[PDB]
């Protein structure tokens, strides 16, 4: 083992020189210089200050305008709510932690940071499953109305909770990653008390691979077989591409670590993909404004 395992942490740094301290006890300056922690804090402050207004505006515009009741409108409203939980429930702890160089709030802080990021990302992924099904129904006509959209919304919360909640209560656990200022699922240690190995296989099969199979099955039908529907289909394509850009680096590094436990990697290895993935709280409403004329017009109408 090239790192330092403690009771509830795995630091990617050798303790041969005796300098490692728990990320719940002391700033982690032995593994990165203070200016690097400051860069994480500046980044998180930007995400909060952009993320709160843009998601709140999306929520407000949608509720105000009764014409915005297609399945796409409902799904984007649901994403705005999930994004606001990411920002206030998790990112406020990411910022405080990065400011101090360690999880001042202890494991409770780590649970908040990991839980709300996992929940938000999985609501986004299962939302893309709902939209892929909706597009496949509408275009291929093998009708998806408001009732189906609302049922789809409730479905995304149930699937997302089935991924994000077990590590709070004894199946796997949330543990600090990278420079130790964010938390994720424990890919690092076997920790039989929490049955870590079976949770990770469950997560990658049920909450990554199966959703992507459905999305690409639906897309294969669309491709390998009016103007308003085209606009929606084009936007969903970009939402799926943006999701893969956002999360594939994190998913690949996580799976690498899981299959190479204790190997020689350092704190920067997981820091960059883990913090890049937090853009997930901001980008979907940006796509929305650029790619949906009706929503953009309503937003301009309300804001002006």
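Residue numbers count along the first chain shown, from 1.
Please compare 43-51 with 63-71 and say which has the higher mean C-alpha temperature factor in the record. Looking at the record's C-alpha B-factors, the answer is 63-71.
Segment of higher mean CA temperature factor, 229-237 or 92-100: According to the entry, 229-237 carries the higher average C-alpha B-factor.
Compare the CA B factors listed in the entry for 56, 265, 250, 35 and report the winner. Highest CA B-factor of the listed options: 265.
Just to confirm, going by the entry's C-alpha B-factors, which of 204, 219, 85, 171 comes out highest? Among 204, 219, 85, 171, the highest C-alpha B-factor in the entry belongs to 219.
Lowest, middle or highest third of the chain for the C-alpha temperature factor of residue 14? For residue 14, whose C-alpha B-factor we compare with every modelled residue in the chain, the answer is the middle third.
Once the chain's modelled residues are ordered by C-alpha B factor and cut into thirds, is residue 294 in the lowest, middle or highest one? Its C-alpha B-factor belongs to the highest third of this chain's values.
By its CA B factor, does residue 211 count among the lowest, middle or highest third of the modelled residues in the chain? Within its chain, residue 211 is a middle-third residue by C-alpha B-factor, going by the deposited values.
Would you mind checking where the Cα B-factor of residue 120 ranks among the modelled residues of its chain, as the lowest, middle or highest third? Answer is lowest: the recorded C-alpha B-factor places it there.
What third of the chain, by the recorded C-alpha B-factor, contains residue 180? It falls in the bottom third of the chain.
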